[PDB]
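Worksheet: the structure to be examined is printed underneath.
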Amino acid sequence: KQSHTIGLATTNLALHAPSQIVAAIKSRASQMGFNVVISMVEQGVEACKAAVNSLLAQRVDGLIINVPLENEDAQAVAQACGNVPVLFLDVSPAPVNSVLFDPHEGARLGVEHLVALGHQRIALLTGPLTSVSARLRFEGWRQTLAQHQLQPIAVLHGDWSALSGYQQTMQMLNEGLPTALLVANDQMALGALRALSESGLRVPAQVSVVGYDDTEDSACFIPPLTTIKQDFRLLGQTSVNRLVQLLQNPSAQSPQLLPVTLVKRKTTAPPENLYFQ
Amino acid sequence: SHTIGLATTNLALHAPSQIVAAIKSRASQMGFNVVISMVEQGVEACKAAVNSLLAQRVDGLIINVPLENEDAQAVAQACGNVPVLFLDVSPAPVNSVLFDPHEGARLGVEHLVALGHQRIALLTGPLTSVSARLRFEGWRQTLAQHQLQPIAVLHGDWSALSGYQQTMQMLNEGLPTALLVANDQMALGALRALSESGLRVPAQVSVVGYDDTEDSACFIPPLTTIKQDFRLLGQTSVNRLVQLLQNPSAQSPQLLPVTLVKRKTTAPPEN
Ligand SMILES: CO[C@@H]1O[C@H](CO)[C@H](O)[C@H](O)[C@H]1O
Ligand SMILES: CO[C@@H]1O[C@H](CO)[C@H](O)[C@H](O)[C@H]1O
Numbered sequence: 014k015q016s017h018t019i020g021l022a023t024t025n026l027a028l029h030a031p032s033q034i035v036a037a038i039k040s041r042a043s044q045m046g047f048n049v050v051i052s053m054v055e056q057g058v059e060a061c062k063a064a065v066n067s068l069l070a071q072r073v074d075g076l077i078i079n080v081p082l083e084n085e086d087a088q089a090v091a092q093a094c095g096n097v098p099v100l101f102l103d104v105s106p107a108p109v110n111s112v113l114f115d116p117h118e119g120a121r122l123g124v125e126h127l128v129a130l131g132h133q134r135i136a137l138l139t140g141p142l143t144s145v146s147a148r149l150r151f152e153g154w155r156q157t158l159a160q161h162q163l164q165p166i167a168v169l170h171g172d173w174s175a176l177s178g179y180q181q182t183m184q185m186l187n188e189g190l191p192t193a194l195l196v197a198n199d200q201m202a203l204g205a206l207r208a209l210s211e212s213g214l215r216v217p218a219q220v221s222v223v224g225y226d227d228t229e230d231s232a233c234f235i236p237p238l239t240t241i242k243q244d245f246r247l248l249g250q251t252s253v254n255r256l257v258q259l260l261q262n263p264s265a266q267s268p269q270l271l272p273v274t275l276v277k278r279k280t281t282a283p284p285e286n287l288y289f290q
Numbered sequence: 232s233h234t235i236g237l238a239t240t241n242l243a244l245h246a247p248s249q250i251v252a253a254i255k256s257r258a259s260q261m262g263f264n265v266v267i268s269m270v271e272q273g274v275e276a277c278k279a280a281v282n283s284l285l286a287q288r289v290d291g292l293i294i295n296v297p298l299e300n301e302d303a304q305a306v307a308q309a310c311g312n313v314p315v316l317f318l319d320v321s322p323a324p325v326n327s328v329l330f331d332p333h334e335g336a337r338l339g340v341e342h343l344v345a346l347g348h349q350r351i352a353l354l355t356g357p358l359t360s361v362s363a364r365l366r367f368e369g370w371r372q373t374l375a376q377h378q379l380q381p382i383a384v385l386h387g388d389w390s391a392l393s394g395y396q397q398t399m400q401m402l403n404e405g406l407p408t409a410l411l412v413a414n415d416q417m418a419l420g421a422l423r424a425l426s427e428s429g430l431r432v433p434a435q436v437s438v439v440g441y442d443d444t445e446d447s448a449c450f451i452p453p454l455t456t457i458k459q460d461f462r463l464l465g466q467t468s469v470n471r472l473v474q475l476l477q478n479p480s481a482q483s484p485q486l487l488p489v490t491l492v493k494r495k496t497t498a499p500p501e502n
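Here the protein sequences come in this chain order: A and B. Following the working numbering from start to finish, the first sequence increments by one per residue and tops out at 290. Following the working numbering from start to finish, the second sequence increments by one per residue and tops out at 502.
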């Protein structure tokens, strides 16, 4: 019997993007007459499978999985859900149902923006390489730079937090001087802005910075952050609608893509003294 | 084998999200699952969340939703026999676990007065929230202990953008030397408004936030703020719920202390 309850397994809610995704899923679910029951998990098939079985024991109608998973591990989670519809929001190419922001396009937009402004010395601050999302953003950056015959001047790895963005940017400035930094999320970009400011490098006159997500606070960073927007409202609307559609007509697995956009604010400019005035 | 149900307000605000994470951490260490229901404002929405969580057959409930005690009584009534703990209620009911609701306000006023400020503005949370109201009342009362009135009182909605807009509004009407802000997200917006207005922080305007949510040490400048230890709140609330499940003896409210974390956003007033 249907219960009008959707189960949501989610990675660390202390990161801003997953919490905005929960909020957007709850909002659409409420408009569609569904309650949402949320389980927060750590990495691993076992942690995800345990979350699924408990929800299925309490008769949830369908599941949404927002946890970073590689191909094989995503297949194992999908398998555990039995015949309950299940959707994934953070997976590599996998034979599973997914609703994804285009992982390569966000990286491409960031490189193209900086290259068009004239930058040639671009550093990359990735997320944790255990994350499929962080890996695909890194690969997209490297590939798009190579299409312009550029190599990144530095590549460092953070953990999605602001403090890691600060620490990795400080380390980057010990080894070289980029004119622009691509950062894999907005929280790390906040820490990079702090490191640049406290090192006497003005943003964007001396160093440009691009974030990723457009989480809510970023329009109020100093300076307001230029970033790749992932519209979490639309993700929440789309996933809840795809789950309702999967309850009515059980269908083959499909990967579905949502657009990303570059939001131009106040952290990018041409490289220092290209247009000295 | 055991599951805790957690009702929470909007997870897009950083403090409730850190509280969820802290509750999940302690619950997992004690072998318990946590299932979460997100609530809009009001007693009806909280009752609906409680009913959803009871339908998950949970063993106990933790409510992190700002409630007047009369509505908390109605929410407790909807829990029935299932033990329930509140994290944001005034008057603080029996069994509850909550941060001291006035100590943070007192510490912030006392710090700015100790630095020599006399022209202190307040940027409150939404007065619909018990926590925002108690912080406002605490600020006013501590200022009155120094024979001061706030030079301005502005009202935000807990978001950074509201901190920006309210700080721009405040600067259209006057010029304080210090600003007490009811949370760190609004303080971020306040810093942006001061910076873009050409008011140096802290040399011309001092700013104090509230929460010490994770990003705040990386604001420009790093934010002086009232720390609410959300790790300790999660640990203590789960421990108290377990004690209630083991022995239903009702316990006095437990008030957790808060502290001032001095970073880089305060200084004496421009003389
Ligand atoms: C939605 O994708 C990514 O999710 C991560 C957590 O797994 C981080 O929150 C990143 O900021 C976000 O870009
Ligand atoms: C924990 O108390 C308060 O909760 C609010 C939401 O209800 C906001 O998140 C505030 O920042 C926080 O200080």
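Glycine is no exception: its CB is placed at the ideal position from the N, C-alpha and C atoms.
- With fewer than 16 other Cβ atoms from the protein chains shown falling within 10 Å of its own Cβ, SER264 (chain A) counts as exposed.
- When beta bridges are read from the DSSP output, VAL222 (chain A) appears opposite A:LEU194.
- Taking 7 Å as the cut-off, the C-beta of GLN416 (chain B) counts as close to a heavy atom of ligand 2.
- Burial is judged here by how many other beta carbons sit within 10 angstroms of a residue's own beta carbon; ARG148 (chain A) has at least 16 and is buried.
- If you check each beta-carbon in the stretch 388 to 404 of chain B against every beta-carbon of chain A, the ones closer than 9 Å belong to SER390, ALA391, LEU392, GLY394, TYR395.
- Not a single heavy atom of ligand 2 lies less than 7 Å from the C-beta of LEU316 (chain B).
- Around the beta carbon of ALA421 (chain B), 16 or more other beta carbons lie within 10 angstroms, which makes this residue buried.
- In the DSSP annotation of this structure, the continuous segment of the beta strand (DSSP E) that includes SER268 (chain B) starts and ends at 264 to 269.
- Every unbroken stretch of the beta strand (DSSP E) spanning 3 or more residues and falling wholly within the stretch 48 to 122 of chain A is given here in chain order: 48 to 53, 75 to 79, 99 to 101, 111 to 114.
- Look at the beta carbons and you see the stretch 455 to 465 of chain B touching the stretch 326 to 341 of chain B: at least three pairs across the two are nearer than 8 Å.
- Bounds of the beta strand (DSSP E) holding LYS458 (chain B) are 456 to 458.
- As the crow flies, the alpha-carbon of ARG207 (chain A) is around 18 Å from that of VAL439 (chain B).
- A distance below 6 Å between beta-carbons, with the five flanking residues on each side excluded, links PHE330 (chain B) to the following residues of its chain, in chain order: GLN459, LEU487, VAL489.
- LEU203 (chain A) places its beta carbon less than 8 Å from that of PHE234 (chain A).
- Exclusion of the five residues before and after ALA107 (chain A) leaves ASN84, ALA87 as the residues of its chain whose Cβ lies within less than 6 Å of its Cβ.
- In this structure, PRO141 (chain A) sits near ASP172 (chain A), with a CB-CB distance shorter than 8 Å.
- Annotation note: the stretch 419 to 501 of chain B contains the following uninterrupted beta strand (DSSP E) runs of length 3 or greater, listed N- to C-terminal: 437 to 442, 456 to 458, 485 to 487, 490 to 492.
- Close CB contacts of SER393 (chain B) within its chain, under the 7 Å cut and outside five residues either way in sequence, are with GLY387, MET417, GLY420 (chain order).
- Listed by position along chain A, the residues whose Cβ is nearer than 7 Å to that of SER426 (chain B) are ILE235.
- With its beta carbon at least 8 Å from every one in chain A, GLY311 (chain B) lies outside the interface.
- Taking the C-beta atoms as reference points, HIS132 (chain A) is found no nearer than 8 Å to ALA91 (chain A).
- The beta-carbon of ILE267 (chain B) is placed less than 8 Å from the nearest beta-carbon of chain A.
- By the neighbour-count definition (other C-beta atoms within 10 Å, threshold 16), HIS17 (chain A) is an exposed residue.
- The continuous beta strand (DSSP E) containing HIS386 (chain B) extends over residues 383 to 386.
- Relative to ligand 1, even the nearest heavy atom lies 7 Å or more away from the CB of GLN181 (chain A).
- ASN198 (chain A) is positioned such that its CB atom lies no closer than 8 Å to that of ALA22 (chain A).
- Residues are counted here when their Cβ sits less than 8 Å from a Cβ of chain B; for the stretch 216 to 234 of chain A these are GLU229, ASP230, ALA232, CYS233, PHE234, given in chain order.
- The Cβ atoms of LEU256 (chain A) and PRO98 (chain A) lie closer than 8 Å to each other.
- Excluding five sequence positions before and after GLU341 (chain B), the CB atoms of its chain that fall closer than 8 Å to its own CB belong to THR373, given in chain order.
- Note on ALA129 (chain A): under 16 other CB atoms within 10 angstroms of its CB, so exposed under the neighbour-count rule.
- At a threshold of 7 Å, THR240 (chain B) counts as near ligand 2, since its beta carbon sits closer than that to one of the ligand's heavy atoms.
- 8 Å or more divides the Cβ of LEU242 (chain B) from the Cβ of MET261 (chain B).
- Straight-line spacing of the CA atoms in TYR395 (chain B) and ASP74 (chain A) works out to 42 Å.
- In the DSSP assignment, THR143 (chain A) falls outside any beta strand (DSSP E), carrying neither H nor E.
- Taking C-alpha positions only, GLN249 (chain B) is separated from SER144 (chain A) by approximately 21 Å.
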